[PDB]
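The chain below stands alone, shown as structure tokens; this is the form deposited in one PDB entry.
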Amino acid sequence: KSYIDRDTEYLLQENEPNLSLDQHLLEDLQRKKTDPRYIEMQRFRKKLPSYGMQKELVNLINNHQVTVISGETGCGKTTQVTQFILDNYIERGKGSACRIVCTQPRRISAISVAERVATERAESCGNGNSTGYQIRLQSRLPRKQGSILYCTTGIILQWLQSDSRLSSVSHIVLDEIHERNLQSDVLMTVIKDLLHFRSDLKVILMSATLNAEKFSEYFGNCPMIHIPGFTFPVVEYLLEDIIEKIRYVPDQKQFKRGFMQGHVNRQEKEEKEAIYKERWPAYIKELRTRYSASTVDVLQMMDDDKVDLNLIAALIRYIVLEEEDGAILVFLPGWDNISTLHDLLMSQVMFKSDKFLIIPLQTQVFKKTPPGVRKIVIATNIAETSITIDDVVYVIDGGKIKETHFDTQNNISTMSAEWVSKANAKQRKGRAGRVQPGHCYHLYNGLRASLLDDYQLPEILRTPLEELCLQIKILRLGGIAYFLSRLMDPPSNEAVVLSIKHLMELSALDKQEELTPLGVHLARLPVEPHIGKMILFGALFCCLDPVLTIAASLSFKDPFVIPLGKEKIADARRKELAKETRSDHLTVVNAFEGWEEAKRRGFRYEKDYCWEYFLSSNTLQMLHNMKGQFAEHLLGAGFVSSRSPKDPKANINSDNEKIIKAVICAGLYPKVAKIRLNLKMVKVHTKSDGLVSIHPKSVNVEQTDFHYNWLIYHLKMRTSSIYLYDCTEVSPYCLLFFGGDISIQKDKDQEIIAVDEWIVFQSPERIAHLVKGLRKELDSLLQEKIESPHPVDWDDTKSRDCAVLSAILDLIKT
């Protein structure tokens, strides 16, 4: 069953309004009106603000093609609007003509919302009922006519490959569009163009209230409607007020950040930090006239770069013991912070009690707690505008959010916990005033508060766009740069040109910006295309487990930590783990395998090993989980046979250092440097940045006997000069195969091969032709795997694919 048809089953049904199903669903609506289950959920529904709007919203939808629906979080948009449309069609006898699709930002929301809406209809979710969901490679499909289907933006985008006009869908609901994810922004533009050819299509955009008229304006100033809600007053507290209220004092207990840990500072951030440090002395001074000396003493020493989870843990304990009843909701960045805080509470006997319910974001999150019991919900930033818990009275805003950024003049992109915007801070405050006067505790000081950005920039202006560029080409939307300029917030052309060029250097696009076979496969991997290249060749070459380890560390971070004052010995342990590999990436592999078998020897051995080698197990654990997700993507794309990164059949080459390094090269090219001849400092030539240095954290920073002239890297940083963060020595035959254009030059001395014209080394002419040939043979192998992809069988020795792949493997081991 071919890849372009996996989850197509709902879309490919034909919309035919059978007049007896029309009557059957009408007969069923009033039969439901007698089931106590249904009337009981109908009671909860009528107390939502959206219910009061019901027949005003359906009339707006019924009368216009494109509609924007505005409303505070919790008013009913996600769960009620699809129901309002189907029930209006059902009651009017037209119920079968109605095939509603509602898109969701995350796989989890598509499932949860479908199950909730189905519960509100006294039905099972899927299984031929009114409501269901479609995720990539997972389905609970509703009936074919008069149905609501919740899905992900990826599903729609894949659907467009099979039916660019989505002809069988009567209504499409774009939910949570204010989040401004890349895919949802591309979808909006594709749907706008589709309205011209689909006079019958209905399109409903659903947004939180801030900036919801921007979406109206983008759609030709289409009708807009706002579901009103009431918010009770919320007392806000800054870090000063919190520290004063609980007399916070930091506790009886420090590893290195920033440049040592691979963190570049963006210069647009540097301008506002200059305004912060310039205003800081006057702000402290005024604080000392209104807060206690100990409050200010503590405040001027708080770290701005990580949420103080110990402060949050203290504040929660103050709330539970000093404030009236009400659930508490915490907004943290990332699951690393959520589990740390959960364990901070759960280690204390006071919170092990039946009078507390502490939920990291779970069956019982919405259910109101008995008057004794206190609910504490620890959630990521995702619950700002998408999950609503009615019980909440106290909101703790950690003040931070995770967001990728892209540095266009140095082409380095990274992810970090940044300060929330004023808009986020106000949405978080609102969540506390939904049922009674609330309290919102903001974990930033007053000066920081005044210097927040008003809104977070859309992803389209911060992400790197390589993955998006592939999507545009796979949907045959035209010229990449031209199409992107039509988005509601077009990216900068510098970011577009960098992204296209990187894709060409990845060999995902050719010189005419057209997809290669490799690029097609990279489009089916929901990761950055350079990471997709690594993990794909980890599957083809059967070195999956160490490759996925390396891919995860590059995607997230390495597991090494550098406690302040222990630099000399931390680097001592790192290079011990290097083991003659001359590779920061293999070093993580060695540390990771040592960790897996340290934890198998007993968990006191695990704690010892992470401690003698300076590894954060919390980092290791998330790396492990990323490996399984990478595998699942390879499973869905047909390159691997099992969701397990340790499958023996995918790991026959997982101990061959040469092969592993060729795969690292596949993912990191064109980040290549030539090692300078030695006979002092270690420096290397780059294509354009000149002669640069090795980062002091790298296991190669003072390495004097390399065995090849070439290394690949992932991160270059600029402080006073340029530094390569993590580098790996590789053979010229790695670059020759996975690199750019190959050219031969000859004279009396020397047959040289040149790669991208500047990577130059001595090799016979025969190897250049042989590599050009194997590249073509690999293209055909990937091309033939485009329809119904299936993993390479390395147990069939006489396989043509095995013959070609074994030739490539033979070449890189040269």
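C-alpha atoms forming the largest set that superposes within 1.5 Å between two forms make up the rigid core. Residue positions are given as counts along the sequence shown, with the first one as 1.
- Missing coordinates between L361 and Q362 amount to 4 to 9 residues of the deposited sequence.
- Where coordinates are absent for parts of the deposited sequence, a chain break appears; between neighbours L679 and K680 it spans 4 to 9 residues.
- As the entry records it, the average C-alpha temperature factor is higher for 572 to 580, out of 541 to 549 and 572 to 580.
- Checked against the record, the higher mean CA B factor of 134 to 142 and 504 to 512 lies with 134 to 142.
- In this structure the maximum Cα B-factor among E751, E777, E784, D756 is found at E751.
- Which of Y609, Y441, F259, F232 has the largest Cα B-factor in the deposited entry comes down to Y609.
- Per the PDB record, residue ranking by Cα B-factor puts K683 in the middle third of the chain.
- Placement of the Cα temperature factor of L811 within the chain: lowest third of the modelled residues, per the deposited record.
- For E72, the recorded CA B-factor ranks within the highest third of the chain. Only modelled residues enter the ranking.
- Among all modelled residues in its chain, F738 ranks in the lowest third by Cα B-factor.
- When the CA B factors of the chain's modelled residues are split into thirds, the value for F44 lands in the middle one.
Beyond what is shown, the protein has a form deposited in another entry; the following relates to that form.
- Core-based superposition between the shown form and the other one leaves all of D655, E322, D741, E580 but one with CA shifts under 2 Å; the exception is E322.
- Core-superposed comparison between the shown form and the other one: the Cα of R92 travels less than 2 Å.
- In the core-superposed comparison between the shown form and the other one, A539 has its Cα shifted by less than 2 Å.
- Core-superposed comparison between the shown form and the other one: the Cα of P437 travels 2 Å or more.
- Between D390 and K55, the C-alpha separation grows by 3 Å or more in the other entry, relative to the conformation displayed.
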